[PDB]
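Q: Pasting the sequence and an experimental structure:
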Amino acid sequence: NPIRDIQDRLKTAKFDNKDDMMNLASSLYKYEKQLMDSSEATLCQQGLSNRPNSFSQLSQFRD
Amino acid sequence: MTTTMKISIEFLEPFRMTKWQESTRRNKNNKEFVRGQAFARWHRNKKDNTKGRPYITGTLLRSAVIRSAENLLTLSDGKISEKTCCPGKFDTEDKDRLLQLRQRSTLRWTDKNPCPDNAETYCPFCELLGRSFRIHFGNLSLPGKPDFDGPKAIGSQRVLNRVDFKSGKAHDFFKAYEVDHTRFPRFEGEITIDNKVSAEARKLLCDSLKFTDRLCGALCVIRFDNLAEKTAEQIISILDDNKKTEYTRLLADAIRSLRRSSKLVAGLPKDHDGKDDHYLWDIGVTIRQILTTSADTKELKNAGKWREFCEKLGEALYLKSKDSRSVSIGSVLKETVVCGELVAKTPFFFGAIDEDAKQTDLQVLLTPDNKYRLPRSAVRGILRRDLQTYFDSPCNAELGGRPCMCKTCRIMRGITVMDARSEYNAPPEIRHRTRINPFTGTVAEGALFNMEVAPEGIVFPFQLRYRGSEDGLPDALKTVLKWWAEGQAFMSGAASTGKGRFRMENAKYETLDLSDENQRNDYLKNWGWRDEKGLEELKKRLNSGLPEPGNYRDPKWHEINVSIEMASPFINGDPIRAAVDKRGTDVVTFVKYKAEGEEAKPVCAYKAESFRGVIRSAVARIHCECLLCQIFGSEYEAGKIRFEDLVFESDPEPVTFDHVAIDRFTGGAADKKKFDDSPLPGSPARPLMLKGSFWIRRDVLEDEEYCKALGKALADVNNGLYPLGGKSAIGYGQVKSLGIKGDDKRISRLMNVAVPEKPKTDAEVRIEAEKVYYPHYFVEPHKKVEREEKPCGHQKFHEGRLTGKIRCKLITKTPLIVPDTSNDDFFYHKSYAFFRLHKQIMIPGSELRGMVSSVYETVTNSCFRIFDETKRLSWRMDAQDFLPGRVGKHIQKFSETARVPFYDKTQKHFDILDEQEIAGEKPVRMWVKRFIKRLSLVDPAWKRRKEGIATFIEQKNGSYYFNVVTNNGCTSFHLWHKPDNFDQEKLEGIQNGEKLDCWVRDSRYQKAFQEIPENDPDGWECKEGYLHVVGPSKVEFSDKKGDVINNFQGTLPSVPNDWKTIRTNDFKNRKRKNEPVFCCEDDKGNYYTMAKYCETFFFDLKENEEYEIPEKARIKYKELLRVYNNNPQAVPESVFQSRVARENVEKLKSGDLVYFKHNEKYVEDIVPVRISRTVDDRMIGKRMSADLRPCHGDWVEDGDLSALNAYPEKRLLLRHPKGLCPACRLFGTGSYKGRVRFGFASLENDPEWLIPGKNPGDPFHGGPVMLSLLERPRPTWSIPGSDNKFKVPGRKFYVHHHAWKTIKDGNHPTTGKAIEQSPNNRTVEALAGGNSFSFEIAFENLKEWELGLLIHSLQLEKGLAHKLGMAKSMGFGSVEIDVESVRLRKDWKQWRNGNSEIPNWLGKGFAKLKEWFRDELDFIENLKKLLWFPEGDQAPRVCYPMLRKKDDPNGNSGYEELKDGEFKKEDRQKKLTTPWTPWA
RNA sequence: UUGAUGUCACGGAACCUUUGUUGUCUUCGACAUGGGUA
Ligand SMILES: [Zn+2]
Ligand SMILES: [Zn+2]
Ligand SMILES: [Zn+2]
Ligand SMILES: [Zn+2]
């Protein structure tokens, strides 16, 4: 399940650290690859918590 | 001298060409250049530039001439006329300078020594070779030597691969340029011959030139003597002017689909209600208008031009969207010819990919004239493959080296076949394919691709020539041709999906003997009958039939027939055809085209890809070198089974069915959730048929393990577990049987207690015969919702989970209505009839699915599956903090207001004021008054009671005009005073100079004018401000005479069409002369009453106070204007309407006049008029617990959410953190397939109608019945305020009663008056109680508690019932469900009966409920109370209240006086959540 | 645009792998509308 790890990365993330940036990029890439190749990880049907903060952080990252 | 000889070449086929190379690379070391030397060259004028033309080198022609000369020499005797013609020299010691060397076997006729290297005379052959320039071959260029831009102008490149016989997959390939012969057939050159050459050598040269038959890889005969880009930019700019950007790919696909005919643009689909507002074709100028203009343009009228235009439009839009041995043989030789036709029995696919066409992944091969092609390379490869299969020996050869000597190669070095093309030239069709994720049961991420396919029925010409030393054709070739004639010819690619089956028809053959002299000299004269006239002459000398081989080996593939029985609707999706078909539906079935002559023929069928996927999935779930790989192939090996499209026997025509989603809270249709689909009809009475076949190798058939796997899978498919098609959740694609013929019973061999009663109900409800109850209440949910993170996958039959069938029976307790909405004029006044299919009364499975889901979600405390989260609520104000102001970044403020008459016959402000200042653009100077003085000449002997002295002047028409110096000289003023009896009679004779006392009172009087009236010329300031004209808007129209209009004298006046020229007719209070009222007359309205005569005037404008505007206030104002604009109950005449609704204002603008309320810093709300609406700041989804909202819902928080579009992680912001609730786990969601399937219901006995029909001889049709009005549900009644204490109550449920008796009688249920026919009400055909229906439910991988709770929700208890159909508030549609049988599955072979486990399942369900909620179960009791069915000797009275009590003859209350009573805003929720609460 | 005593390139199938599928009861009652009086 990469969703929990992404949640952990996000809640701990701060954008001044290239370490944090590369860790979050790796987690998102790991989730993307698991989405492309079919596997048992696709049965995880949940989402993230703290929607406003998560939206702000994701928008800041992908932009 | 050196007399020459002109030559020419006429190409009968496309020829090949080599690309240009740099000078230094043209050497023996380069591999590609050495691989050339047999194809045509390309010229370059300048080395950097690509300009030039093709040409052919003379050395190649010299080699061909030499080869033919040797062939003739070994053939006849080696004697040209009478000379020996020595074998010649082909060896030298200096092999370093040559570029190529001979690798074939040189031929032999004599055993003598070759002639000396230097001698007196040479033989004719040695003269032909030369070795002393006796003969000089010239290069051949073209007629006239034109020039071309580059090689791509005359030809196109193509890829040619080499396969492995063991597996059937390619591993290497090479490229080449191909040039069509219809465009460049002729070449010319010359040959130089010296005078010393012998006449025998000349005759040999002539014979050899006539004998040469192939050059540059083609047959030859030798003889000697703008709007697209513009329209694309227009359409793209239009889509960008809108925000319809997601539809670009779909639009490009539809445009490319339109290429077939321009007439399809005229017959394009439109939107519902007959209006041109399609969500694709009317995005705008509009796309439809543009396509019509491009269609009717003259230059694009041409068919081919239209086709090219459409293809270029599609390409542009898709781009934007993405953005030496010397061995003898002998003199024996024969030449055998075979002719025939190769007809296509299925579609075919010859792959050929173009670099400048990216939209389609897989493309077919075509000529520059758009004709289909059958390449020589493919025919040769298939012949080689069949020969290798016949000999059962692969050829282990390699490129280069000496020639091979195996039987296949020896047979293949005698073969010649001709390239072919067809007359049919219509465009190819397109097919779409997907990949399914086996875990979730939905498509994978990004697994979509296209495929181009050619139609079936095309006929090609066929010609094959064999040259060998045998008496006739080899036995292997005879057997291969017999296989091809039978229909075992698989030529094209994609054979697994059923492409490329051809048959050979009308075969003829003849043998020629080129050993006989006369026959040889006749062959040479006629050039071998290669040209068209020679071919016709040869065809006049051909015998029919074909030979018969001795050693006949049977074919390798065996046919297996298939027949399927289907008793339900079927559909196979095709969105593009739905996007261009004229029917106007959301989903359409699949249809293919058969090529007959030059015209197509539509036919519906089932896709071979879909069938293959279904069978593969069935095989893989009950069981690299694994079985699946071995049988179905993989990416490293070819398959061993080939499917085909299945067709229907007696061609059906599609129907249409409509659907709608119901909101759980309001109980009405959810917005933007109305859709329909077009399946083929099917039913048990006249089921559908399917026919087809599939092919399988014999080796697989002779394998017991593979036959066992196939038999198991087909048995599972036969036992209703795997439906065919889509939308299986609502009873589509239910297979009933499946046959398999033509296998010798190798695969077909494997394919071959009563229920307990319900428990009684303990629920009790007290009903009194005098009170009146409400027709619906609510059920309050629980606080906790259980969610599981890992649902059960679909990849296997898990152990510990159950699978099988459930059979039920449905009974009607009250009359039922289920209409057929295809026809709305069965009997303006709409009419409907009962649902039917092939003249059989039925109920669709979607209705039953929704009905059962509504109760299951209540039993298992789950989320609100269907709910409009983004709706915003509004409420009317009632007659303080709203202050005037003007708009921008901040808003201005005013301190006070004042009224200005505009609709009375006293002021006449229209004659004076300008239009701009009426609109409020310019300032105006007006005259405000704040207080008025009211005398009473005698002492009160009032509330304030001031004092003074009056000074009489005169007495006018009655009245009393006089100046009054109050407080003994302090203040003075004039006025008019009426006679007050008991005080006025003291002064009836006036003196004109007499003074009397007076007491004055003050009253608030805030008005403004521009010229002071005649009555009050004193005490009037002059201040500046703006005006707020809104027009006549206060109006009170109704059905008939009220009370004020009843007192009107005479006929009321006419209507003015303008909003300015209205004036008052009559005052309401005639005595006091106040409350002006206006009335007017129109044709059918006849009743308008306007009670407004003053406007508003602001003043005291300030400059300091400034308040920022928020976006929340902005969106609230937008919703306010939308609510004003969309009002069904609006007054008809626009003159009686406010400005915002008359002029149709949409957005806020600067400089407008509006009221507002503010906090310390920002503004909170804005309204256009004094008494207006209030709009909630929060959406309806935020007024409920987060655990009750849908698991996969919509965005409610502040944010566009569009920045994260086109990224993967955006989907995680719309899902709950804790997973899925039980309802979404069972019934499925948008990214998870369900585990239950419902089926269509059918009536068992003969129908029983509510009203007898007009014809006694037609018992299958019933009479009509008229219903009352049916209006929308209103959330505002349940949520009567904006305060945070109000929340969503719960799920709505309707109660059971017998109000339908009054409607059947014909009277209104509430008032008892007769029902009025009108365009608004409806007429329906209804069935009576006592009828019975039967249906079936199928589940898969369910737990004990899930199955038990499902059975409970089906058959709850005795004394309870469900609600089905329409008119539920009137008592229609109470039904009861009882279970009949419960089958189960153990293995593929055994299916037991599970009727003796229902008590255990029910107990486990109750235990799970107890262990989820610790024995509270209040919602359970509430639900059981609401589902209670009244028993005998109990007739509750249930109906809605009227708007007012005067409209109710029964004397019961109405809504207006009920709001100020029991149902006030503080206890409304409590009184609505309690079931069976009386209100009268 | 060729060399000359040597050309099996008709000496080589663009081939092989992927279900247009998933989720939705043709359903239904409380208003609308801005002022007026002193
Ligand atoms: Zn010689
Ligand atoms: Zn070989
Ligand atoms: Zn495998
Ligand atoms: Zn849910």
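A: Yes, it's here. Numbering: from 1, shown residues only, chains lettered A, B, ... in the order given. Ligands and ions are numbered 1, 2, ... in the order given.
Q: Which segments of chain B make up each domain?
A: B:4-224, B:228-322, B:334-555, B:562-741, B:802-862+B:1221-1263+B:1290-1440, B:878-923+B:1026-1173, B:929-1022 (automatic domain parsing).
Q: Of all the ones you listed, which one is nearest ligand 1?
A: Ranking the domains of chain B by proximity to ligand 1 (CB to the ion) places domain B:4-224 first, at 3.9 Å. In this view, the C-beta of every residue, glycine as well, is placed from N, C-alpha and C.
Q: quick check, the closest one touching ligand 1?
A: Yes. Interface with ligand 1: domain B:4-224 contributes B:88-89, B:114-115, B:126 (CB under 5 Å from the ion).
Q: In chain B, where's the longest helix?
A: In terms of residue count, the longest helix belonging to chain B (DSSP state H) is helix B:303-322.
Q: Contacts for it, please.
A: B:227-229, B:231-232, B:235-236, B:248-249, B:251-253, B:255-256, B:258-259, B:262, B:294-295, B:299-300, B:357-359, B:370, B:427 (CB atoms under 8 Å, 6 or more residues apart in numbering or on different chains).
Q: Which ChimeraX command selects the buried ones in those?
A: In ChimeraX syntax, the buried subset of those is picked out as below (16 or more other CB atoms under 10 Å in any protein chain shown):
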select /B:228,231,232,235,248,251,252,253,255,256,258,259,262,294,295,300,359,427
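Q: Would you mind listing what in chain B touches chain A?
A: Chain B comes close to chain A at residues B:437-440, B:444-446, B:789-791, B:793, B:1191, B:1197-1199, B:1201, B:1203-1204, B:1207-1209, B:1211-1220, B:1229, B:1231-1232, as judged by CB under 8 Å from any CB of the partner chain.
Q: still on that earlier bit, switch the domains of chain B over to TSV; also include distance to residue A:61.
A: Compiled in TSV, the domains of chain B are given as follows (distance: least, CB to CB, whole Å):
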stretch	distance to residue A:61
domain B:4-224	43
domain B:228-322	23
domain B:334-555	21
domain B:562-741	32
domain B:802-862+B:1221-1263+B:1290-1440	24
domain B:878-923+B:1026-1173	24
domain B:929-1022	60
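Q: And those: which comes nearest ligand 4?
A: Once the domains of chain B are compared by CB to the ion, domain B:802-862+B:1221-1263+B:1290-1440 is nearest, at 3.5 Å.
Q: And the closest one, end to end?
A: In domain B:802-862+B:1221-1263+B:1290-1440, first residue to last residue: 47 Å (CA to CA, to the nearest Å).
Q: and that domain, how far from the chain's centre?
A: 31 Å (CA atoms, centre = their mean, to the nearest Å).
Q: what's the answer for stretch B:321-340, then?
A: Chain-centre distance of stretch B:321-340: 54 Å, with CA atoms, centre = their mean.
Q: near RNA strand C, anything from it?
A: Yes. Using CB under 7 Å from any atom of the strand, stretch B:321-340 comes into contact with RNA strand C via residue B:324.
Q: May I have the distance across that stretch, first residue to last?
A: End to end - CA to CA - stretch B:321-340 spans 48 Å.
Q: If we go by neighbour counts, what in it is buried?
A: Buried residues in stretch B:321-340, defined by neighbour count with 16+ other CB under 10 Å: B:321, B:333-340.
Q: and residue B:1304, that one's in a strand?
A: No. According to DSSP: H, G, I helix; E, B strand; the rest coil, residue B:1304 belongs to no strand; its state is helix.
Q: Now, of the residues of domain B:4-224 next to ligand 1, which are buried?
A: B:88, B:115, B:126.
Q: Please report the number of neighbouring residues for residue 25.
A: Here I'm looking at chain A. Per other CB atoms under 10 Å in any protein chain shown, the neighbour tally for residue A:25 reads 12.
Q: nope, chain B
A: 10.
Q: now it: how far from ligand 3?
A: With the distance defined as CB to the ion, to the nearest Å, residue B:25 ends up 46 Å from ligand 3.
Q: residue contacts, that residue?
A: Per CB under 8 Å, 6+ apart, neighbours of residue B:25: residue B:33.
Q: Next, it: secondary structure please.
A: Under three-state DSSP, the three-state class of residue B:25 is coil.
Q: One more: residue B:1423?
A: With three-state DSSP as the criterion, residue B:1423 reads helix.
Q: go on, residue B:564?
A: strand.
Q: thinking again about what came up before, reformat the residues of domain B:4-224 next to ligand 1 as CSV; add secondary structure.
A: Output for the residues of domain B:4-224 next to ligand 1, formatted as CSV (three-state DSSP):
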residue, secondary structure
B:88, coil
B:89, coil
B:114, coil
B:115, coil
B:126, helix
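Q: The residue nearest the centre of chain B and residue B:628, how far apart?
A: Note on chain B: the residue nearest the mean C-alpha position is residue B:575, at 4.7 Å, using CA atoms, centre = their mean. Taking CB to CB, to the nearest Å as the measure, residue B:575 falls 31 Å from residue B:628.
Q: What helix or strand is residue B:244 located in?
A: Following DSSP states H and E, one finds residue B:244 outside all helices and strands.
Q: Now it. Nearest residue, chain neighbours left out?
A: Closest residue to residue B:244 apart from its sequence neighbours, by CB to CB, 6 or more residues apart in numbering or on different chains: residue B:283 at 4.8 Å.
Q: For chain A, give the residue positioned nearest to chain B.
A: Chain A approaches chain B most closely through residue A:47 (3.1 Å), counting by CB to the nearest CB.
Q: Surely that residue and residue B:1217 touch.
A: Yes. Using CB atoms under 8 Å, residue A:47 is in contact with residue B:1217, at 5.9 Å.
Q: quick one, strands of the stretch 251-400 of chain B?
A: Here the stretch 251-400 of chain B has its strands, by DSSP state E, counting those that start in this stretch, at B:334-344, B:373-374.
Q: List the pairing partners of the longest one within its sheet, with orientation.
A: For strand B:334-344, the paired strands and their directions (DSSP bridges) read strand B:459-468 (antiparallel), strand B:501-513 (antiparallel).
Q: how about a markdown table for those, with distance to residue B:32 and mean neighbour count added?
A: Formatted as a markdown table, the strands paired with strand B:334-344 follow (distance: least, CB to CB, whole Å; neighbours: other CB atoms under 10 Å in any protein chain shown):
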| stretch | distance to residue B:32 | mean neighbour count |
| --- | --- | --- |
| strand B:459-468 | 31 | 18 |
| strand B:501-513 | 35 | 17 |
